[PDB]
Every structure is written in C-alpha cells, then in structure tokens.
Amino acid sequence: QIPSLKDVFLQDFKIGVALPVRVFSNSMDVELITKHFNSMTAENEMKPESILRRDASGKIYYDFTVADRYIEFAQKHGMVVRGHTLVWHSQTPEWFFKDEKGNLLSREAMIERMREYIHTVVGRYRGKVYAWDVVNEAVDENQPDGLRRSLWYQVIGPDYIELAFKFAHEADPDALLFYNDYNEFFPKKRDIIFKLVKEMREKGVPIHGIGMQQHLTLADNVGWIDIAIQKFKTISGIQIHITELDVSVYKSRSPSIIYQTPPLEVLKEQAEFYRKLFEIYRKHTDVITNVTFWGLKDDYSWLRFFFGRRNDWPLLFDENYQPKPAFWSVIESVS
C-alpha cells in the first residue's frame, strides 16, 4: 500500500541496502528488503577478515560459505550486489601482511598475496557482483601525499591502490570498480580523492567510479555534498555510487545529550535533511547510478554501537519496519 523505493527511483538509480546475513532467514526482513531494494551490500560478510582463514600449518585459505548466501539471495530476488570491500586498512587481519614468523612480507610477496586474494574473491563472483569497492578509505589529508599510512602503504607502497584496480579488472573485466571513502565532501579530502581518481584515470587504471559513503549527521551541509558531486563528475567517464547513506539524529559523533526515544522535531529535521539530499541526488542523476543505505531499519544501524552504545534513528524505516517521516520526504523528492 506504501510505494516501493526501487520503483519510485527506477529511472534514477538502484536503491540498495547493507545487510547482515541473519536477515535472509527472517520473513519480515525479507518482505521489507524485496519490496524496496534492487541492490544489496554485505555489511561485513565480504570484508577480508570475514573470508580470510589460516589452517593449522599457517597456510591461508578462503571461507566463502557466508558470502555465497548473498549471491544466492540476490539471484533468487533479481537484485544486484555491490562487493564490499577488497583492500582496506580496517577489518583485515594483521597476519595477512606477515610470514609464519610475524615479519612483514616483501613488497613482491605482498603484491602476489594481494593479486591472489583479489583474483580468488572477484573471480569467484565474476558476472554475479556488478560493482566492487576495490579500495576503501585510502586517503588521509594529514599526510604529505594525501595517502593513509596503513600496512598496505608500509608493505607495498603508494602504488598498492592502482595495483588493486589492475588485479580486480583482470579477475572480472565486466565489473564496475569503485574507490570508496567517507568525509568525501569536506574540501581538503574531496580535492585529494578527485586528484587520486583523475590521475589514475589519466594513466589508464581501470577505475570506473567513486563511492561516496555519505555517513551524515544533521550538522552536515548538504550544499557541500552538491559541490563535491559537481567536482567528481568533471572526471570523464566516472559514475558515482552513494554507498553507505545514513543520517544520524545527533550533530556530532560524541553527543553529550543522547535520546531514549527521538523527539518528533528531530525526526522532522531528519525528513527535511533527507528531502534536500535526494533533491541533490536527483539533480546529479546523470552520474549517480546507485544509492545504498547502510542498514535496513533503525535498530540494525552500526550508529547504535560504533561511536559508543546509544539509540540512533538514521534510516527510512523504524524498529517496527514502518516508514518514518524521512521515508515520505524522500518519496516526495520525485512526486
């Protein structure tokens, strides 16, 4: 009786959702997912720590038993899958960078290990995962060259980023390959992301897209987001995914006032925020091809634990699967 997000935005972009694997065995979760969403991302289940294993000998192997369930579900329900994520400083075991003695691998050995990892994971889902977050959160504006000094940088060096895209494109030449990041509309970081992607495109690196995480709060300036999309879309041939959208009801990551239940005025402010945001996304529909929310409904949000245990209401559906004020405001950005 309520409209379907994916149908409302059919001519604009895929409408996606980040999901933990438990939802596939929950009839009420499956009802809400299959009504509204034509794209899905594994919230954790396709990250390196979720796939990498070592046997009693210390030999690396791959466990796809959980990740496989996403492709099985997507195929059953006619959904596309964003693969998240191949190369990241987070949720990647420190032992992946080391030999049996706990010493750092050589650059040569770690390039080979990255190649095997990306070939194995992207190869397994070739033609079934239409888009990959190949590299996640590689930018640090505090560094002289703008690049985060992670183990990837320390063990391979600054070409690890372009190599990851090379290897992913080898494993699945039809996949759309994304560089994904947060705080992507803050000016200094925006300019580093722009320069990184533009320079990789100019030297023929197979990068097809920029993933804008859009982990927002009610304190964020939506004008800055419009300006960031305007800057990124000047890179010829690049498309944009909104990969991890949510809107915290708080105005910082460390609020001193925490809500038990959200004031109605806060939910209305959130509806106004989401409306202005979707007006900007529709304005840039020529470059945005997927808008994915980082969770199905408010009580599943990472924002209830990542910055400290607290209630937050960051999404379009409440704890009882009901549309929020923001659901209607988002729908009204079209209607």
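Numbers follow the displayed sequence, beginning with 1.
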State which stretch shows the higher mean Cα B factor in the entry: 98 to 106 or 167 to 175. 98 to 106
For the higher mean C-alpha B factor in the entry, choose 140 to 148 or 231 to 239. 231 to 239
The largest CA temperature factor among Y300, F293, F307, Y274 is found at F307
Among the modelled residues of this chain, does the Cα B factor of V222 put it in the lowest, middle or highest third? middle
How does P325 rank on Cα B-factor within its chain, lowest, middle or highest third? middle
Taking only the Cα B-factors deposited for this chain, tell me whether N38 sits in the lowest, middle or highest third. middle
Quick check for you: using the entry's CA B-factors within this chain, is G127 in the lowest, middle or highest third? highest
Just say lowest, middle or highest third for the CA B-factor of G157 relative to the other modelled residues in its chain. lowest
